[PDB]
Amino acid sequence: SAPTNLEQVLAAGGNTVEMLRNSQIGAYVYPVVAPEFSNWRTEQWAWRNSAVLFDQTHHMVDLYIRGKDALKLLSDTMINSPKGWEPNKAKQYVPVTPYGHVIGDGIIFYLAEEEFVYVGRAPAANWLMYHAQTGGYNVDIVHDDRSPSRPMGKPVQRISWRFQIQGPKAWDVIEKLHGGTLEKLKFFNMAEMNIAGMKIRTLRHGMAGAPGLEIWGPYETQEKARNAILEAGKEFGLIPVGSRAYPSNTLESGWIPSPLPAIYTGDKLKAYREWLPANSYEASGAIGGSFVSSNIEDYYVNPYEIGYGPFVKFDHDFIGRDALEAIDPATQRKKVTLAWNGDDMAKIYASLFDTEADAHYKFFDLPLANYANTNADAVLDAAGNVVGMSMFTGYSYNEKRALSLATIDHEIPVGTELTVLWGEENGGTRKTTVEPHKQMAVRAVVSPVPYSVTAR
């Protein structure tokens, strides 16, 4: 009798860490969008130097949440304050478990009265659906999964298309599309703009000091809007970004996309494990990197550790509030950027071209080097102690640096040189993304988030 939910998967499947670190799921794919339109180096360059069109239509789960208790469902499950929240304002929704640990996160758009949409990775979407179905909420939900990883020529549909226009010249492009001045609202406030005779809803955004917009609409008008954007942007050098360059943007922005959903342990989470399908992200996904523990809870984070502390407001009842109130924020780990030593990167790549070596270092793909849903590399100080966890890894052509986002012990000063253990032990796990390799301790300098160059 094959397992039908996560609880049965774990009961039948040995140590939880060993299962996730040897999963056969393969790469975490950003699907459908062409890998490259020009080349990923020029594409990274454009979001810092001209303008870019980010195609966000395919790599996130969307949950359309409607009804009388939609707001209450969100309030009951989020660390964020609901006080004063009205339509045309979005929030970065962060739910934690009864034990205080991050499940996931996403953007929640307050569209109209009793109308919300969640956009983000699968784990927080699963959490919302579970509470919607079992918590006695007068709410109706439409789940629109992210697109398949390998469509192999099949047609792909979404309910909505979602673009961002970003870069130092983004607002020039936006105003050209709109046909006049468009007011820059406060961050995450929503409005509308003109695009090719359509009224397109907007979300105020930005990056690297330059304002931009996220825009969306019904899937049927996607090509109409894309072609108008590309046409208007040629005057300003706007180019489309492909799926190869795209996810590396967050190494500069500083958002960690991939906390392990902290749901594998704890008696109060058993009912959720019994609800989660046996083929869910949680049951079928993977953990990759050098950080090894036999306890899966050692991979969990709480919101203070990955930069969500400022969102926590004890002004509403929510799951895990008691646990969060008990935490001392001043002693929690802190999110940082790690700037990887360029000479060590050179050593990693050189080993691919050594015809004599018994082994080479773990392949570091460009510009995104992750090789699992959840990334967990050990961060070490000079005495060999584990002082943090590196969670998202790649390279910026803008910086000419490899970079990772990490959470490290609070007392470590900016500018400190640590090491990141790159690669897995004993020749590598059985993940299909992993070729045989030996490990290397890469020197890395603690740097601010968002990244800014830091002296040693």
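One-based numbering along the sequence shown.
When the C-alpha B-factors of 407 to 415 and 50 to 58 are averaged, 407 to 415 comes out higher. Look at the C-alpha B-factors of 379 to 387 and of 106 to 114. On average they run higher in 379 to 387. Among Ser23, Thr433, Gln439, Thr16, the highest C-alpha B-factor recorded in the PDB entry belongs to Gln439. Out of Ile141, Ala225, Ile263, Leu128, it is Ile141 whose C-alpha atom has the highest B-factor in the PDB entry. Ranked by Cα temperature factor within the chain, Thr429 sits in the middle third according to the deposited record. Placement of the Cα temperature factor of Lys184 within the chain: highest third of the modelled residues, per the deposited record. Ranked against the other modelled residues of its chain, the C-alpha B-factor of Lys83 as given in the entry falls in the highest third. In the deposited entry, the Cα temperature factor of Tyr395 sits in the bottom third of values across the chain's modelled residues. The deposited CA B-factor of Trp45 belongs to the middle third of values across its chain.
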